[PDB]
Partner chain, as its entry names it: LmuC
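For reference, the chain that follows is the form solved without the partner chain, supplied as C-alpha cells.
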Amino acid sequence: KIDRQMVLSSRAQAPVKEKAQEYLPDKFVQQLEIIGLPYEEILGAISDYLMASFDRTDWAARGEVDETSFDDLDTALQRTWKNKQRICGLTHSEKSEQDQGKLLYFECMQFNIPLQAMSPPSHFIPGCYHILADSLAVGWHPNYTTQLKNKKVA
C-alpha cells in the first residue's frame, strides 16, 4: 500500500501450457537437451522464454528501458557465457562432454546483473540467456554446433 516502484516490475501471467510443446522445435531447445538436460526444467525454461519475451515486448511498447540497455546487457551476458564456457571446458575437462555442458548451464544460470541500475525479475536472465542460445549467440555444449547439425539430419 502507498508504495513506490520506479523499478522493472514486469507485468506478466502464467504462460499457456500448449506453448510448451509448441516451442519444442525451437533452436534453443535442441541446444538444451543435447547436454542431457531433463524435460521438466526444459518446460520450465520454455515458460521462462515465454514470459521473458512478453516482458521484453511490454517494455519495448510501453517504454521503460532504453534500447542500448538490452544491447549492452546481452553483450556482457555473452562475454560471461564465453568466460564460464572456457572455465568449465578446462577445469571440468576430466569427464564427459555431456556433464560439462550441464554444469556450464547450471553455473551460468546463477548469474545476475542489474538493468539501468535496477533489478529485473528472477526469470529474466534465463530468458535472455536462451534468447542468445536461439541465434547461436551462446552455447551450453562445448561443441554445440556440431551436435546441432548432426541432430538436424537425424
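Each form is matched to the other, and the largest set of C-alpha atoms that superpose within 1.5 Å is called the rigid core. Numbering follows the first chain given and starts at 1.
This protein has a second form, the form deposited with the partner chain bound, left out of what is shown; the following refers to that one.
**Q** Is there a non-hydrogen atom of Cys128 within 4.5 angstroms of a non-hydrogen atom of the partner chain in the deposited bound form?
**A** Looking in the deposited bound form, residue contacts with the partner chain include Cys128, since a heavy atom lies within 4.5 Å.
**Q** Using the partner position in the deposited bound form, report whether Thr57 sits within 4.5 Å of the partner chain, counting heavy atoms only.
**A** Contact check for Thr57: yes, within 4.5 Å of the partner chain in the deposited bound form.
**Q** Does any part of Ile34 reach within 4.5 Å of the partner chain in the deposited bound form? Heavy atoms only, please.
**A** Flag for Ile34 set to no.
**Q** I'd like to check something about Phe28: if you look in the deposited bound form, is any of its heavy atoms closer than or equal to 4.5 Å to a heavy atom of the partner chain?
**A** Because no heavy atom of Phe28 falls inside 4.5 Å of the partner chain in the deposited bound form, the answer is no.
**Q** Along 1 to 30, which positions have a non-hydrogen atom within 4.5 Å of the partner chain in the deposited bound form?
**A** Result: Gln13 alone.
**Q** Rigid core fitted, then: does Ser9 show a CA shift of 2 angstroms or greater between this form and the one not shown?
**A** It does, since the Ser9 C-alpha is displaced 2 Å or more between this form and the one not shown after the core fit.
**Q** Look at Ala20 and decide if its Cα position differs by 2 Å or more between this form and the one not shown after superposing on the rigid core.
**A** Comparing forms between this form and the one not shown, the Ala20 CA shifts at least 2 Å.
**Q** Cα of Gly44 displaced 2 Å or more between this form and the one not shown, core superposed?
**A** Result for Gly44: no, shift under 2 Å.
**Q** Check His123 against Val7 at the C-alpha atoms and report closer or farther in the deposited bound form, compared with the shown form; the change is 3 Å or more.
**A** Result: farther.
**Q** Given that the CA-CA distance for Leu103 and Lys17 shifts by 3 Å or more in the deposited bound form, does it become closer or farther?
**A** Distance between the C-alphas of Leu103 and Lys17: longer in the deposited bound form, by 3 Å or more.
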